[PDB]
């Protein structure tokens, strides 16, 4: 015979599609009747074609009535290969899926603005704001005086330690000064301090530097100090060199 414009028949229930082995075409009108059969490619009413090319090659196709898909298989040397299920547009759209050409860092969406960093070091120069406190090994200030205050440090004394000269505690302002003067016998001599006392001479004394004669007086006196001068008085009966110190601020 031939493939006729009328189907060869309706497939009932309980048909083994393996038994459909002469050429033709058959209609399964009921999904439920596909359910009660065997080797249907899908439980779905559908159209089956058989092409019995030879005893060793029986081809089949299956078109599901609702377009679930289209199926084909072949029996070769008394074994049925598995059905193939066509992919079609009702299954997926390729434009829904990620191309390899669009898989890179910049394209990845939802990337964080910043990232939790791992352990690392710094050069001190990357510290660009703030003031390190004492509790972290800092001096708690950006000024010299403030740093000293945080750690309780004084400032350096200054001095000029010459044969005549001065020394100054700059924490408090105290100044100490010294020198020598030649005094006339039983009389006064004026001295001029190496530097002026900024506000006030507080005290002083004079010392006989000579091997003054025993049994004679060799008294001394420091008096009448200004910011720049004082008066040294010599009790020895002869001209003598007296040394002196003075202090103030």
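Positions refer to the first chain, counted from 1.
Higher mean CA temperature factor, per the PDB entry, when comparing 17-25 with 231-239: 231-239. Higher mean CA B-factor, judged across 205-213 and 218-226 from the recorded values: 205-213.
Per the deposited coordinates, the residue with the largest Cα temperature factor out of 156, 140, 110, 152 is 110. When the Cα B-factors of 74, 163, 99, 174 are read from the PDB record, 99 comes out highest. In the PDB entry, a CA B factor belonging to the lowest third of its chain's modelled residues is recorded for residue 179.
When all modelled residues of the chain are sorted by CA temperature factor, residue 148 is found within the middle third. Annotation for residue 54: CA B-factor lies in the middle third of the chain's modelled residues. Residue 200 sits in the middle third of its chain by CA B factor, as recorded in the PDB entry.
When all modelled residues of the chain are sorted by CA temperature factor, residue 83 is found within the lowest third.
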